[PDB]
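Heads up, the thing below is written out as structure tokens.
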Amino acid sequence: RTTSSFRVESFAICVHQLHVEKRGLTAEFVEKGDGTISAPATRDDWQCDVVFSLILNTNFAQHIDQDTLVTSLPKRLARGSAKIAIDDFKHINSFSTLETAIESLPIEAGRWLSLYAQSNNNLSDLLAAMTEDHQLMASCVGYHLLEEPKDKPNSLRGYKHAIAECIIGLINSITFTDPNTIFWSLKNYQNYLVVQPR
RNA sequence: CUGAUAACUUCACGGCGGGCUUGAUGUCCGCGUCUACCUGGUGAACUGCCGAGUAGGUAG
């Protein structure tokens with residue numbers, strides 16, 4: 001709003017805790033079309049409780065506020081509810097070098113996120129790539145497009161509607177030192193979109 | 001601008017009955033710990049009287 005130079009431009013992620021299990025999801029009896037009110041079809045759902053800390057690399061020189069840092073952060077992360085405890089607002093700050101940021105996290109378990117940039121052009125060279133440490137993850141990394149793009153009326157906000165598919169790259173972990181094997185950033189290559197570590 | 005926005009799974013529930021693990025059994029022989037060795041009070045809390053009094057009171 002005020003400082004339109006903020007430009008986070010990169011981000012490092014540190015997953016401190018991850019638990020995944022089956023819960024399902026109850027919808028709310030929407031109309032089937034003629035006159036009858038009943039629940040829609042039944043789907044089965046995996047979901048997770050994620051505890052993590054971020055360190056952003058912005059371009060603005062100092063902090064913002066503490067009245068107006070907390071009311072500037074969204075409450076949503078991949079349909080979840082993502083929040084910070086209100087007796088923990090003191091550790092939000094802007095340091096000026098990386099190595100002084102690591103001892104100001106009062107959480108202390110790591111697994112910073114990079115990727116595995118080796119030839120994995122099928123599935124069999126993934127399952128032959130997993131059982132050595134097997135704390136390893138295969139997340140979503142980007143979108144390989146299909147269409148050009150083009151445009152047609154009922155888009156989100158008048159923008160141009162392409163059609164795409166997902167990318168199933170591998171995610172590894174770092175005990176932690178060079179800050180460019182970390183610090184993901186989004187790049188466009190005119191045929192796909194991938195978050196790359198710069 | 002997050003495969004976007006929204007999304008109460010729940011009610012009841014007696015695993016019980018019975019059961020002999022035992023018999024026998026030689027661990028022993030031999031064996032040199034020794035040599036050497038300064039904890040110091042600088043001078044430093046005196047001289048008397050009474051009490052039959054290693055106890056007890058005095059004056060300076």
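Each chain in the structure tokens gets a letter, A, B and so on, in the order shown; residues start at 1 in every chain, and ligands are counted from 1 in the order they appear.
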
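For segment 94-196 of chain A, backbone-based DSSP labels the following residues as alpha helix (DSSP H): residues 124, 125, 126 and 127 of chain A.
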
Take the residues that were just selected and, keeping N, CA, C and O atoms, output them as a PDB file, in the first residue's frame.
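Everything below was put into part_35.pdb:
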ATOM      1  N   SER A 124       9.873 -45.040 -12.713  1.00  0.00           N
ATOM      2  CA  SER A 124      10.738 -46.087 -12.174  1.00  0.00           C
ATOM      3  C   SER A 124      12.071 -45.531 -11.695  1.00  0.00           C
ATOM      4  O   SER A 124      12.623 -46.011 -10.694  1.00  0.00           O
ATOM      5  N   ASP A 125      12.566 -44.487 -12.351  1.00  0.00           N
ATOM      6  CA  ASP A 125      13.733 -43.752 -11.883  1.00  0.00           C
ATOM      7  C   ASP A 125      13.401 -42.721 -10.805  1.00  0.00           C
ATOM      8  O   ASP A 125      14.263 -41.904 -10.470  1.00  0.00           O
ATOM      9  N   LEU A 126      12.181 -42.733 -10.264  1.00  0.00           N
ATOM     10  CA  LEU A 126      11.871 -42.057  -9.012  1.00  0.00           C
ATOM     11  C   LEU A 126      11.843 -43.025  -7.835  1.00  0.00           C
ATOM     12  O   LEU A 126      12.411 -42.734  -6.778  1.00  0.00           O
ATOM     13  N   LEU A 127      11.190 -44.180  -7.998  1.00  0.00           N
ATOM     14  CA  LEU A 127      11.206 -45.192  -6.947  1.00  0.00           C
ATOM     15  C   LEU A 127      12.561 -45.871  -6.811  1.00  0.00           C
ATOM     16  O   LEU A 127      12.850 -46.437  -5.753  1.00  0.00           O
TER      17      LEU A 127
END

Please return, as a VMD selection string, all residues of segment 10-130 of chain A that DSSP assigns to strand (DSSP E) on the basis of the backbone. chain A and resid 11 to 22 46 to 56 76 to 77 80 to 81 112 to 115

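Using only C-alpha atoms (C1' of nucleotides), the residues found no farther than 12 Å from residue 49 of chain B, other than those of its own chain fewer than 6 positions away, are residues 57, 58, 59 and 60 of chain B.
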
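Neighbours of residue 90 of chain A closer than or equal to 12 Å, with only C-alpha atoms (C1' of nucleotides) counted and sequence neighbours fewer than 5 positions away skipped, come out as residues 65, 66, 67, 69, 70, 84, 85, 104, 105 and 106 of chain A.
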
Taking only C-alpha atoms (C1' of nucleotides) into account, which residues of chain B are within 9 Å of chain A, as number ranges by chain? B: 2-3, 6-9

Considering only C-alpha atoms, can you say which of A:172, A:196, A:177, A:10 comes closest to residue 114 of chain A? A:172

Who sits within 7 Å of residue 140 of chain A, only C-alpha atoms (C1' of nucleotides), same chain under 4 positions skipped, as a list in words: residues 166, 167, 168 and 169 of chain A

Mind dumping the selected residues with C-alpha atoms as a tab-separated table (two decimals), in the first residue's frame?
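Contents of result04.tsv, as written:
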chain	number	residue	atom	x	y	z
A	166	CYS	CA	1.13	-30.14	-13.34
A	167	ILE	CA	4.83	-30.94	-12.87
A	168	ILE	CA	5.78	-33.68	-10.42
A	169	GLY	CA	9.39	-32.86	-9.53

Write out as a ChimeraX atom specification each polymer residue whose atoms come within 10 Å of residue 74 of chain A, counting only C-alpha atoms (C1' of nucleotides); drop sequence neighbours fewer than 6 positions from it. /A:81-83

Prev. selection, N, CA and C atoms, output as a PDB file, in the first residue's frame:
ATOM      1  N   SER A  81      -6.078 -23.044   7.094  1.00  0.00           N
ATOM      2  CA  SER A  81      -6.080 -21.871   7.955  1.00  0.00           C
ATOM      3  C   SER A  81      -4.693 -21.734   8.557  1.00  0.00           C
ATOM      4  N   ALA A  82      -4.006 -20.647   8.210  1.00  0.00           N
ATOM      5  CA  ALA A  82      -2.579 -20.466   8.459  1.00  0.00           C
ATOM      6  C   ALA A  82      -2.390 -19.259   9.361  1.00  0.00           C
ATOM      7  N   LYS A  83      -1.986 -19.476  10.613  1.00  0.00           N
ATOM      8  CA  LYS A  83      -1.889 -18.346  11.531  1.00  0.00           C
ATOM      9  C   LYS A  83      -0.652 -18.433  12.417  1.00  0.00           C
TER      10      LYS A  83
END

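Nearest residue to residue 4 of chain A, choosing from A:192, A:60, A:112, A:159 and counting only C-alpha atoms: A:60.
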
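Atom to atom, atom CA of residue 56 of chain A and atom CA of residue 8 of chain A stand 6.4 Å apart.
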